[PDB]
Structure formats: structure tokens, C-alpha cells
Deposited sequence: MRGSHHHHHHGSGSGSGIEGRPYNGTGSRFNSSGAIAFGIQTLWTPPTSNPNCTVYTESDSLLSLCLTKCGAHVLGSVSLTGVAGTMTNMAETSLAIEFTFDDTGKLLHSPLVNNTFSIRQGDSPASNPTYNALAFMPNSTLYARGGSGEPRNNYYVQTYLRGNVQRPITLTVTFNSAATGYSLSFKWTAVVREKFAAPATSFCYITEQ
């Protein structure tokens, strides 16, 4: 399964650790994504990183890259960039709170969490990760947008973020 849930009853939702690409940004299996969401009271503590492995991911054409995990209003996964687009518990306990992070609110500052990091861990390549909560007009979502450098390989190091949950 692409996203899997693990007990403390479910306390972790993650992409299982892998040594191989598990994600499709531009072409199939072109990248290795880690995404892990763990519940701590009203918070989800999230970690994310994304390593380019093949194709355009190793020779970027654009100055940013975005992916999104979208869920319906019950918290069921609808879509993700994962090669294994599947899921295998109260899902709303992991969804971003829709009162605080209003649906369709990507333009609202409080729906966005900004992280400074460095492309490929190179300090001469500062980039910014924007994590957005509930950009989707219905249901729930988590969006990740990183800046990038054209004609260079993409890799975003380990990062983390936190949001308040729906339940």
C-alpha cells in the first residue's frame, strides 16, 4: 500500500520507508517520497522529503514542483503522486482542521506553513517548501510545493511541519 496506517488505534499514517522510487512527479517512479504523519493530541506532526531519481527530476525544467494528497470529506484518500495509489481508525483524526484551515483557502496565510531548506543539501541553493492545508475546495488536502533550480537535479532534504486536526 502507498499510504499505510500503523497502531499506537491508528497513530501513524506514512509512506513505508523504501530504498527505491515510490513516487511519480513527471514520469512513473521518478522520485522517492517520504511522508509521515503522526498524531499527538490535536496535532499531526508531519515529516516530508523528496529525492529525484530519474528523468526531469534530475534535470528540472521549472522553478517549482508541487504535489498533493487529496482526501474526501470522510478522510479517505482520493489521490496522491504515489506509484501505489492505495491505503490500508478515525481518518478525520489526521485531516487538517477545516474551521481553522478553510477549504479552498490556499490564499489564506494561516493555511500555509513555510520551511526553509537547501536543494540537495547544498547551502548555495536555498529553497522554500510551502505546505498548504485544505487547498481542495471539498474534502481535505495536504499540498507540498518546493522551489527548484532549472537544469539541476531536484532533491529536498528532511523537513517537518505541524497542523491542527479536524478530530
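Within the chain's deposited sequence, the coordinate-free stretches run 1 to 15, 24 to 38, 119 to 130 in sequence order.
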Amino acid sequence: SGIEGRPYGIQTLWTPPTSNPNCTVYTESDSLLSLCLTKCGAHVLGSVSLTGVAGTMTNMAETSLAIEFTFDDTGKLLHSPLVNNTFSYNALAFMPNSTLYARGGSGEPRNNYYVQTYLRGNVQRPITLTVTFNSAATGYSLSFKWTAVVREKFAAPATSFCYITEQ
From here on, numbers count along this sequence of modelled residues.
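For the two regions 153 to 161 and 12 to 20, the entry's Cα B-factors average higher over 12 to 20.
When 92 to 100 is weighed against 79 to 87, 79 to 87 comes out higher, by mean CA B-factor as recorded in the entry. In this structure the maximum Cα B-factor among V131, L45, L35, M60 is found at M60. When the C-alpha B-factors of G107, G41, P126, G55 are read from the PDB record, the largest value belongs to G55. The deposited CA B-factor of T27 belongs to the highest third of values across its chain.
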